[PDB]
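Cβ coordinates were reconstructed from backbone atoms using ideal geometry, including for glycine residues, and neighbour counts include every protein chain displayed. Laboratory data are not the source of any read-out in this text; all were calculated from the coordinates shown.
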Number of protein chains: 2
Amino acid sequence: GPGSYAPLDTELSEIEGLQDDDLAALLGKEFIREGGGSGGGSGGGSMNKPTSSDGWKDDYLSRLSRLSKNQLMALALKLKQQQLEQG
Amino acid sequence: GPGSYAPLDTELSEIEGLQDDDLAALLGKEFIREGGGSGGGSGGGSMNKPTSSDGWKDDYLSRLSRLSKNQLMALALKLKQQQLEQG
């Protein structure tokens, strides 16, 4: 046979490793143009111990929350490009 | 066919219609704490014709570049929830 179907969660681990010099090279024209400004302070609130269900949503949405808008575009393009050549 | 209008009920066209309270109802603890304390839209305009090759990458990246980070997380969660139950 030609090979395995292979892992798909490793694409998040690649986007977590690379930098804005790699992101601008793949987003190109559609790369971000600023406008959000700057600020500070905690905004209040505290952790009351974590909670979870089914596991897949908590692992995935945590990475999506940690990542930049540039990285959110890069992981979305990756998962669309790899799925259309499966099966 | 040379092209199509696409469905009205895609995850992209749904997330572009619903409000920040509907995003908070599915992001939960992972909802953003930034900007005014609740995030917001960014991306700006666009320029020049697209390249002659492909289009499914360019239209998708073009939409995502103008969405809020809350919307980018929610459309990604929706397309993750449906792909893991295929068979």
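Taking a ≥ b ≥ c as the square roots of the Cα gyration tensor eigenvalues, chain A comes out oblate, since a/c reaches at least 1.5 and a/b does not exceed b/c.
For the protein assembly as shown, the 222 nm mean residue ellipticity estimated from helices alone, with every DSSP H stretch of n ≥ 4 adding -39500 (n - 2.57) and the total spread over all residues, rounds to -13500 deg cm²/dmol.
Each of A:62, A:52 has some number of other Cβ atoms within 10 Å of its Cβ, and from fewest to most they run A:52, A:62.
In a simple Cβ point-charge model (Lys, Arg +1; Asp, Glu -1; nothing else charged), chain A has a dipole of about 320 debye relative to its Cα centre. Note on the protein assembly as shown: Kirkwood radius taken over Cα pairs, Stokes-Einstein applied at 20 °C and 1.002 mPa s, translational D equal to 119 µm² s⁻¹. Of the options B:77, B:50, B:67, report the single residue whose Cα projects farthest towards the positive end of the charge dipole of segment B:46-87 (beta-carbon charges: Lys, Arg +1; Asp, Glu -1). It is B:67. Net charge dipole, the protein assembly as shown: roughly 280 debye, given to the nearest 20, about the Cα centre with Cβ charges of +1 for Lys and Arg and -1 for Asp and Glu. Each copy carries residue B:20; placing its label point 7 Å along the C-beta direction from Cα gives inter-copy distances of 2.4 nm, listed from smallest up. Taking the label point 7 Å along Cα→Cβ, residue A:86 and its counterparts in the other copies are spaced 0.5 nm apart, in ascending order.
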